[PDB]
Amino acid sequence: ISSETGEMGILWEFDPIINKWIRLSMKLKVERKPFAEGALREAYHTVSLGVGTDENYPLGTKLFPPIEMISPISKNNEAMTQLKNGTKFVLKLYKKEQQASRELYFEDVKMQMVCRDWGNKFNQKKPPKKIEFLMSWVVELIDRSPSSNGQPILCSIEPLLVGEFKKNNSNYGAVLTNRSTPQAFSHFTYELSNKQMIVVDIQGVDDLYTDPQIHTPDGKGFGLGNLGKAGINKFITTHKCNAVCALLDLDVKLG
């Protein structure tokens, strides 16, 4: 943590391989105006003023996540390298037109971490283009005046993508570019999850992706964009296999 002026945050990293959250602190300076937006959120350029431990900011207590989902140790984490002092990165806030709940921010970040695991599994098949999903983290902006809630301003953060940002499929069956890898990845996740876990909303710059969406058959978890069986069917029905699907020996779909 740097002595330069900015604002403090409690920073949360989910680690799927131990299935726990890692709680840290950081300092950041975020530009006043967003540089981009989507349907539900605005994105802001931000600079990191360092990452620290959470020892100054005890929990007490019963908010989410529960204590048994929290790692008591935080020495290792991605944040300390990826959000080191001077890093430019992105902060995302929901637009008021506030169905956002605390739990929801953690679900979205966990989701992205789960997709990051699917990315690695895909890559281990040695496709022509490896993919990768960016880290994402929850941040409690503790210096800001609490919401109407009385519980702090929440946001999520992630590394800055540099380049032409494109969305390749939606979370409801749209195929928005001609690229193969994104669709073959979605398909891969559908077949290899035994249809239990489909990753769509494949978007980003080249093959560095962010803000995906998972569908699961029961619709539970993975945020509000989890359209369940319907999401899954809609993907698989508009999907036309390409060469990558074929290299991955996936069951051929004709669209």
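The first residue of the shown sequence is 1; numbering continues from there. In this text, the rigid core denotes the largest set of C-alpha atoms whose superposition between the two forms falls within 1.5 Å.
- Stretch 30-38 is the one, of 30-38 and 218-226, whose CA positions lie farther from the shown form in 6 other deposited structures of this protein once all structures are superposed by the rigid core.
- When the other structures are laid on the shown form by the core, the C-alphas of 196-204 and 39-47 differ in how far they drift in 6 other deposited structures of this protein; the larger average drift belongs to 39-47.
- Residue-level annotation: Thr53 has coordinates in all of the other entries compared, counting only those that model residues on either side of it, so it never reaches the one-third mark.
- Coverage remark for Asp108: present in the model in all other entries compared whose chains are built on both sides, leaving no third without it.
- The gap between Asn194 and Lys195 holds no unmodelled residues of the deposited sequence.
- Unmodelled residues of the deposited sequence between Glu97 and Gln98: 1 to 3.
- When 142-150 is weighed against 85-93, 142-150 comes out higher, by mean CA B-factor as recorded in the entry.
- Averaged over Cα atoms, the B-factor as recorded in the entry is higher for 32-40 than for the other of 49-57 and 32-40.
- Each of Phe133, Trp137, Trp118, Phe165 has a CA temperature factor in the record; the biggest one is found at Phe165.
- Taking only the listed residues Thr237, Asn242, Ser25, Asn19, the entry reports the highest CA temperature factor at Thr237.
- Annotation for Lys75: CA B-factor lies in the highest third of the chain's modelled residues.
- The deposited CA B-factor of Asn171 belongs to the middle third of values across its chain.
- Placement of the Cα temperature factor of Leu63 within the chain: highest third of the modelled residues, per the deposited record.
- When all modelled residues of the chain are sorted by CA temperature factor, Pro212 is found within the lowest third.
- When all modelled residues of the chain are sorted by CA temperature factor, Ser156 is found within the lowest third.
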